[PDB]
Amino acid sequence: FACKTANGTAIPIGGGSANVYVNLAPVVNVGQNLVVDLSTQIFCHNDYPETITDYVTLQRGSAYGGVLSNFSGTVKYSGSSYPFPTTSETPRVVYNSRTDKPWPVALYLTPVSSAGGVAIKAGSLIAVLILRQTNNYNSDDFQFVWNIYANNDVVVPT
């Protein structure tokens, strides 16, 4: 089991870390959502689908910088929604193919009332998403750690 990003980088068999940049709407008001859909960026696959089933969870989701201070959020993982930052590990998604499949994670961030001005700085760390992978074969239990960086400024109009 391993993962990669679109025109980007890879995390190999056995886990590791990688940095991911995301495009963000440049202006968002109180009451509107920034949607950060990572499923167009992170893709994972099973390396032996004929004898092994891989199980993949969102173990944890954490907010940093401008998101942590100026936004409340939810996360959607494979059709279900959770608070963001997260309060527990999700149910699992099955990886049963050698073909790249998206990692179905999306952040929904809404500015808090105290947000105004540049609420997220370009190039700043906004979130960490941990992918935890296990299987039905052995005791492999691996973390794939995705550091999410803002590509651009996000302004909350006053």
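One rule holds for the numbers: they count along the sequence shown, beginning at 1.
- Across the two stretches, 66-74 and 107-115, the PDB entry reports the greater mean Cα temperature factor for 107-115.
- Stretches compared: 18-26, 136-144. Higher mean C-alpha B-factor in the entry: 136-144.
- Set against one another, the Cα B-factors of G123, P49, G61, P91 in the record reach their highest point at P49.
- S80: CA B factor in the middle third of modelled residues in this chain (values from the PDB entry).
- For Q32, the recorded CA B-factor ranks within the highest third of the chain. Only modelled residues enter the ranking.
- For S39, the recorded CA temperature factor ranks within the middle third of the chain's modelled residues.
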